[PDB]
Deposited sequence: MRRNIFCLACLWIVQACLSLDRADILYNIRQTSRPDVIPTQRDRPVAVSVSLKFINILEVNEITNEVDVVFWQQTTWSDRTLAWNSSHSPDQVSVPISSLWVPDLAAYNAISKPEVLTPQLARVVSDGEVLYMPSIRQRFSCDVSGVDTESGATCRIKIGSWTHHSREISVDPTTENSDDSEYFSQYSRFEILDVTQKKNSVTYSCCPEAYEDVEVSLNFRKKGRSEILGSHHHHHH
């Protein structure tokens, strides 16, 4: 197979509306934010403007091909793929996607989508101008898929290594935990990754 054949096959048999669950197990989605910049912090309103690479990985076996005299990977427009419906619960602006909207698909059906996003958050900015700094928590999970359909897990120094040396701010620490929440309305559990960004004015 050449690139042209693989991309034709993916475009023609692309079910972008269909979550690729295997045998009623959840799709395991990995999410890791790599922080690039902190722009416009406001300690009065508790709002921050962040630029991050949102490293997103999952398996879609319907994309797989035999790699034996073929590329191992191709670049695919995300309009031709199912992508997880991730939202940041404490975002107060739409994600501004700064990069071309292409994912990498590996011959085994692994997808890597890593957009550069600028987005504004409501989070704790208190202490930003002190030595111990502020801790801004960003929560990301599926908007519509519960834990039996999508599971989200952090993956793990690249979370801070590629931060802009020209920001007014610096990163002290980044920690990630998984949360699984059931609300009173609804019997299902929703997973999110909580990313704690500890940063301060340089």
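Student: What are the missing stretches of the deposited sequence, listed from start to end?
Tutor: Residues lacking C-alpha coordinates: 1 to 19, 176 to 177, 224 to 237.
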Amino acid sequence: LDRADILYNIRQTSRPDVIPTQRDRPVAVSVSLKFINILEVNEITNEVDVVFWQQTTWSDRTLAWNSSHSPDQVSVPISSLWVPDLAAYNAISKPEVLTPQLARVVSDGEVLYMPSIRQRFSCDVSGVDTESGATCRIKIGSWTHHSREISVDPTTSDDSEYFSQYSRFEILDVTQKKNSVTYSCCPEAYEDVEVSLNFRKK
From here on, numbers count along this sequence of modelled residues.
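For clarity, a rigid core is taken as the largest C-alpha set superposing within 1.5 Å between two forms.
Student: If the other structures are each fit on the rigid core, which stretch ends up farther away in C-alpha terms in 7 other deposited structures of this protein, 160 to 168 or 29 to 37?
Tutor: Most displaced of the pair in 7 other deposited structures of this protein: 160 to 168.
Student: With everything overlaid on the rigid core, name the stretch, 78 to 86 or 123 to 131, whose CA atoms wander farther on average in 7 other deposited structures of this protein.
Tutor: Stretch with the larger root mean square C-alpha distance in 7 other deposited structures of this protein: 123 to 131.
Student: Taking the recorded C-alpha temperature factors, which stretch has the higher mean, 128 to 136 or 99 to 107?
Tutor: Result: 128 to 136.
Student: Looking at the deposited entry, does 65 to 73 or 161 to 169 carry the larger mean Cα B-factor?
Tutor: Mean B over CA atoms: larger for 65 to 73.
Student: Looking at the entry's B-factor column for C-alpha atoms only, identify whether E47 ranks in the lowest, middle or highest third of its chain.
Tutor: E47: CA B-factor falls in the middle third of its chain.
Student: Using only modelled residues of the chain, where does the Cα B factor of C186 rank: lowest third, middle third or highest third?
Tutor: Its C-alpha B-factor, which the entry lists for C186, ranks in the highest third among residues of this chain.
Student: Which third, lowest, middle or highest, does the CA B-factor of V174 fall in along this chain?
Tutor: Top third by C-alpha B-factor.
Student: Could you look up the Cα B-factor of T156 in the entry and say which third of the chain it sits in: lowest, middle or highest?
Tutor: It belongs to the highest third of the chain when residues are ordered by C-alpha B-factor.
Student: Which third, lowest, middle or highest, does the C-alpha temperature factor of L39 belong to within its own chain?
Tutor: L39: CA B-factor falls in the highest third of its chain.
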